[PDB]
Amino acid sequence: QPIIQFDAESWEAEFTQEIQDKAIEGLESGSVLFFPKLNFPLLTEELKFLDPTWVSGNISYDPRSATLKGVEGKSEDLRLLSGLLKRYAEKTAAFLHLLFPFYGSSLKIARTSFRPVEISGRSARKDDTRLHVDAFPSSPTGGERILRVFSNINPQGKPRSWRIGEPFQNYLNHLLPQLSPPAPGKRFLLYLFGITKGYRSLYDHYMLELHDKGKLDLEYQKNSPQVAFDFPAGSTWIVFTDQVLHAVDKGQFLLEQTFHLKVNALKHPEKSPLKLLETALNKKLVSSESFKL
């Protein structure tokens, strides 16, 4: 069940335990949780930002530090834009705490993003029209999960077209023969040189290889099992993007919020990419891992 549909229409929705169960089981199994009626409204004063020219170098906001990046302009405009992204951070965070009480306080918010550039007009590694799991060369996770909340805020009713691929285990299996260990010492140099933020764990190395090799595998991109789904304007969806194979084909105006979650906070840690990779390669893939006696 690549997509599980939910009825919630409010960011302050109260959830029964049955729906909370459905959500966590689905999320952890690598489904997209889809909320067709959960719209994220904009203030009249924010409507001006529905314009791709605000991107100056893909605008980001760090709720932890209340800092906005990737955009230039007058102070008042940056203030408004920061307010928009801040509100998205707040609402998504509240919603996740209402929906996933099992995770308790283990949900750690990360960066908020506003994507006002049209997708259809968009290197092979960066081509997000190619199925991939999320892995960022400059930003290793150390095994932590990448959980994202997305909202289509297109004011012309245009959907956001995605493709959803096969389960992670199948993707990993398909690509296994192409995986290779890192060159000795190379990850340490990336760290010393500031190319990576923190040290790239072996887990991160392998997720990057899956991401990259998968994107270059043209036969796989073309022929692997995948479903095309249009997320309507005014909808929201929630995905472990390090586990769900995904690609975006068209659309414009998206808010996105990243959260991180430690593997030991999961209901079924064995389903995580970290544990699946550690099992497949029979080794510990993050050196900083906690040790269970």
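Don't overthink the numbering: it's just position in the shown sequence, from 1.
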ask   = Between residues given as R122 and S123, how many of the deposited sequence are not built: none, 1 to 3, 4 to 9, or 10 or more?
value = 1 to 3
inquiry  = Our gap detector needs a label for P225 to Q226. Which class matches the unmodelled residues of the deposited sequence there: none, 1 to 3, 4 to 9, or 10 or more?
reply    = none
inquiry  = Test of understanding: from the entry's C-alpha B-factors, which stretch has the higher mean, 99 to 107 or 125 to 133?
reply    = 125 to 133
query = On average, which has the higher Cα B-factor in the deposited entry, 147 to 155 or 176 to 184?
reply = 176 to 184
note = From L43, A265, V239, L245, the top C-alpha temperature factor is at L43
query = At the C-alpha atoms, which of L255, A66, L33, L38 reaches the highest B-factor in this entry?
reply = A66
query = Which third of the chain holds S75 when residues are ordered by C-alpha B factor: lowest, middle or highest?
reply = highest
ask   = Which third of the chain does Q20 land in by C-alpha B-factor: lowest, middle or highest?
value = middle
task = Check where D204 lands among this chain's C-alpha B-factors and tell me if it's the lowest, middle or highest third.
result = lowest
remark   = Tertile call for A13 (CA temperature factor, within chain, third-based) is the highest
remark   = Quick tally, chain-level thirds of C-alpha B-factors: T53 sits in the highest
